[PDB]
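Trainee: My questions will all concern the structure given below.
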Amino acid sequence: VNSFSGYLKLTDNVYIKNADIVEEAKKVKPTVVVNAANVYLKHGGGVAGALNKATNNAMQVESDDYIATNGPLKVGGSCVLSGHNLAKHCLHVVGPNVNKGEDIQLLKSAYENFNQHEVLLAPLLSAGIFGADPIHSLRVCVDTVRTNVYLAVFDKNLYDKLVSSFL
Ligand SMILES: CC(C)[C@H](CO)Nc1ncnc2[nH]c3c(N)cccc3c12
Ligand SMILES: [Cl-]
């Protein structure tokens, strides 16, 4: 039993909700919140901008130190950093950004990072400003993640389309 509320169960291990991941994180304080990161951990917009703003820029400060030490992530890769006031940990995961020309086949690799964590709150990787089809992102998630994932979809209209079209 966990503290997530109001989710629709899609499969054994995947759950979904129309919600703002920032407000959802601030209420559940999950062990792991997933950020829709880029390789530079520059949290400017989209989910990353909203998560970082909610931490009063502490996420960005921590991230800049991480990059200065380790260099950029790989597309499809991840790193674990602090969750600040939102969660115990933040798993920064780099989905391919279609608006940069990155290979959508890397979306599966990106979701594989979730399997290193028993339970996660997450957005749909590569959705929104990363330019991928969210219906495809949800499909890859369901077919790749084996751990317990609670997906937050900010747009109420998009959520209903994902549910009604889910196979
Ligand atoms: C990945 C997309 C399919 C999805 C579209 O809804 N992105 C989000 N999902 C969940 N929560 C989100 N919060 C946001 C805030 N605060 C600012 C900007 C974007 C989001 C967002
Ligand atoms: Cl987003």
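Ligands are numbered from 1 in the order shown, residues from 1 within each chain, and chains are lettered A, B, ... in the order they appear in the structure tokens.
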Would you pick out the contacts of residue 29 (chain A) at 10 Å or less, using only C-alpha atoms, so that residues sharing its chain but fewer than 2 positions from it are not included, and give the list as a PDB file with N, CA and C atoms, in the first residue's frame?
Mentor:
ATOM      1  N   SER A   3       0.725   5.851  -0.962  1.00  0.00           N
ATOM      2  CA  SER A   3      -0.069   7.047  -0.699  1.00  0.00           C
ATOM      3  C   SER A   3      -0.632   7.706  -1.955  1.00  0.00           C
ATOM      4  N   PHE A   4      -0.423   7.130  -3.136  1.00  0.00           N
ATOM      5  CA  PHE A   4      -0.955   7.733  -4.352  1.00  0.00           C
ATOM      6  C   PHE A   4      -2.467   7.550  -4.423  1.00  0.00           C
ATOM      7  N   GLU A  23       2.457  19.677  -7.969  1.00  0.00           N
ATOM      8  CA  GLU A  23       1.531  19.589  -6.846  1.00  0.00           C
ATOM      9  C   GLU A  23       1.398  18.154  -6.358  1.00  0.00           C
ATOM     10  N   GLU A  24       1.439  17.193  -7.278  1.00  0.00           N
ATOM     11  CA  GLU A  24       1.399  15.796  -6.869  1.00  0.00           C
ATOM     12  C   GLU A  24       2.630  15.434  -6.045  1.00  0.00           C
ATOM     13  N   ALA A  25       3.812  15.886  -6.469  1.00  0.00           N
ATOM     14  CA  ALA A  25       5.005  15.623  -5.671  1.00  0.00           C
ATOM     15  C   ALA A  25       4.922  16.297  -4.307  1.00  0.00           C
ATOM     16  N   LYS A  26       4.489  17.559  -4.264  1.00  0.00           N
ATOM     17  CA  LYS A  26       4.464  18.276  -2.994  1.00  0.00           C
ATOM     18  C   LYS A  26       3.532  17.632  -1.978  1.00  0.00           C
ATOM     19  N   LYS A  27       2.526  16.889  -2.432  1.00  0.00           N
ATOM     20  CA  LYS A  27       1.572  16.248  -1.533  1.00  0.00           C
ATOM     21  C   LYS A  27       2.000  14.837  -1.143  1.00  0.00           C
ATOM     22  N   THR A  31       9.202   8.690  -2.831  1.00  0.00           N
ATOM     23  CA  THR A  31      10.617   8.346  -2.776  1.00  0.00           C
ATOM     24  C   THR A  31      11.353   8.876  -3.999  1.00  0.00           C
ATOM     25  N   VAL A  32      10.746   8.746  -5.178  1.00  0.00           N
ATOM     26  CA  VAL A  32      11.363   9.153  -6.434  1.00  0.00           C
ATOM     27  C   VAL A  32      10.350   9.932  -7.260  1.00  0.00           C
ATOM     28  N   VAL A  33      10.719  11.150  -7.645  1.00  0.00           N
ATOM     29  CA  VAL A  33      10.050  11.879  -8.716  1.00  0.00           C
ATOM     30  C   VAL A  33      10.983  11.906  -9.919  1.00  0.00           C
ATOM     31  N   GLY A  83      15.742  15.110  -4.272  1.00  0.00           N
ATOM     32  CA  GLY A  83      14.385  15.521  -4.552  1.00  0.00           C
ATOM     33  C   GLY A  83      13.989  16.825  -3.907  1.00  0.00           C
ATOM     34  N   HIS A  84      14.881  17.438  -3.131  1.00  0.00           N
ATOM     35  CA  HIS A  84      14.645  18.757  -2.530  1.00  0.00           C
ATOM     36  C   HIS A  84      13.360  18.703  -1.711  1.00  0.00           C
ATOM     37  N   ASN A  85      12.471  19.682  -1.838  1.00  0.00           N
ATOM     38  CA  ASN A  85      11.220  19.718  -1.102  1.00  0.00           C
ATOM     39  C   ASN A  85      10.112  18.918  -1.769  1.00  0.00           C
ATOM     40  N   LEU A  86      10.400  18.213  -2.859  1.00  0.00           N
ATOM     41  CA  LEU A  86       9.368  17.538  -3.636  1.00  0.00           C
ATOM     42  C   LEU A  86       9.324  16.031  -3.444  1.00  0.00           C
ATOM     43  N   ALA A  87      10.438  15.412  -3.080  1.00  0.00           N
ATOM     44  CA  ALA A  87      10.575  13.965  -3.026  1.00  0.00           C
ATOM     45  C   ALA A  87      11.885  13.690  -2.315  1.00  0.00           C
ATOM     46  N   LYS A  88      12.096  12.432  -1.937  1.00  0.00           N
ATOM     47  CA  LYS A  88      13.405  12.065  -1.413  1.00  0.00           C
ATOM     48  C   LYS A  88      14.475  12.230  -2.485  1.00  0.00           C
ATOM     49  N   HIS A  89      14.247  11.642  -3.659  1.00  0.00           N
ATOM     50  CA  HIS A  89      15.182  11.677  -4.769  1.00  0.00           C
ATOM     51  C   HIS A  89      14.484  12.176  -6.021  1.00  0.00           C
ATOM     52  N   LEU A 121       6.964   8.421  -9.196  1.00  0.00           N
ATOM     53  CA  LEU A 121       6.057   9.394  -9.787  1.00  0.00           C
ATOM     54  C   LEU A 121       6.748   9.972 -11.012  1.00  0.00           C
TER      55      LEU A 121
END
Trainee: For residue 45 (chain A), find every residue with an atom within 12 Å (counting only C-alpha atoms), except residues of its own chain fewer than 6 positions away, and show them as a PyMOL selection string.
Mentor: chain A and resi 35-38+51-53+128-130
Trainee: Once you have the residues from the selection above, write them out as a PDB file, in the first residue's frame, restricted to C-alpha atoms.
Mentor:
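As written to disk, selection21.pdb reads:
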ATOM      1  CA  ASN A  35      12.296  14.828 -14.119  1.00  0.00           C
ATOM      2  CA  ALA A  36      12.070  15.230 -17.899  1.00  0.00           C
ATOM      3  CA  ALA A  37      15.699  16.282 -18.125  1.00  0.00           C
ATOM      4  CA  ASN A  38      18.104  17.235 -20.895  1.00  0.00           C
ATOM      5  CA  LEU A  51      10.013  21.142 -10.930  1.00  0.00           C
ATOM      6  CA  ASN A  52      13.018  23.432 -10.656  1.00  0.00           C
ATOM      7  CA  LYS A  53      10.875  26.505  -9.944  1.00  0.00           C
ATOM      8  CA  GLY A 128       5.239  17.989 -24.246  1.00  0.00           C
ATOM      9  CA  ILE A 129       8.089  20.172 -25.481  1.00  0.00           C
ATOM     10  CA  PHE A 130      10.259  17.136 -26.313  1.00  0.00           C
TER      11      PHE A 130
END
Trainee: Please return as a VMD selection string the residues found within 12 Å of ligand 2, counting only C-alpha atoms and all ligand atoms.
Mentor: chain A and resid 19 to 22 34 to 37 43 to 51 95 97 122 to 132 134 151 to 155 158
Trainee: Check the smallest atom-to-atom distance from each of A:99, A:164, A:147, A:157 to ligand 1 using only C-alpha atoms and all ligand atoms, then report the winner.
Mentor: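 The closest residue to ligand 1 is A:157.
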Trainee: One number please: CA of residue 12 (chain A) to CA of residue 150 (chain A), in Å, one decimal.
Mentor: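 Here the two named atoms are 11.7 Å from each other.
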Trainee: Which residues are near residue 72 (chain A)? Cut-off 6 Å, only C-alpha atoms, ignore same chain within fewer than 2 positions. Put them as number ranges by chain.
Mentor: A: 39-40, 67
Trainee: Restricting it to N, CA, C and O atoms, dump the selection as a JSON list (two decimals), in the first residue's frame.
Mentor:
[["chain", "number", "residue", "atom", "x", "y", "z"],
["A", 39, "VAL", "N", 20.41, 16.65, -21.38],
["A", 39, "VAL", "CA", 21.74, 16.16, -21.04],
["A", 39, "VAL", "C", 22.54, 17.16, -20.22],
["A", 39, "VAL", "O", 23.48, 16.76, -19.51],
["A", 40, "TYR", "N", 22.22, 18.44, -20.32],
["A", 40, "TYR", "CA", 22.91, 19.49, -19.58],
["A", 40, "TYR", "C", 22.26, 19.78, -18.24],
["A", 40, "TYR", "O", 22.77, 20.61, -17.48],
["A", 67, "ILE", "N", 26.96, 18.67, -13.31],
["A", 67, "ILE", "CA", 27.50, 18.73, -14.66],
["A", 67, "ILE", "C", 28.96, 19.17, -14.65],
["A", 67, "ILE", "O", 29.79, 18.66, -15.41]]
Trainee: Please return, as number ranges by chain, all residues of chain A that DSSP assigns to helix (DSSP H, G or I) on the basis of the backbone.
Mentor: A: 21-28, 46-54, 58-70, 98-100, 106-116, 128-130, 134-144, 156-164
Trainee: Residues of region 61-129 of chain A in strand (DSSP E) according to DSSP, as an NGL selection string?
Mentor: :A and (78-82 or 89-94 or 119-122)
Trainee: May I ask for the distance between atom 18 (C, counted along the ligand's line) of ligand 1 and CA of residue 146 (chain A), given in Å to one decimal place?
Mentor: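 Pair atom 18 (C, counted along the ligand's line) of ligand 1 / CA of residue 146 (chain A) returns 26.2 Å.
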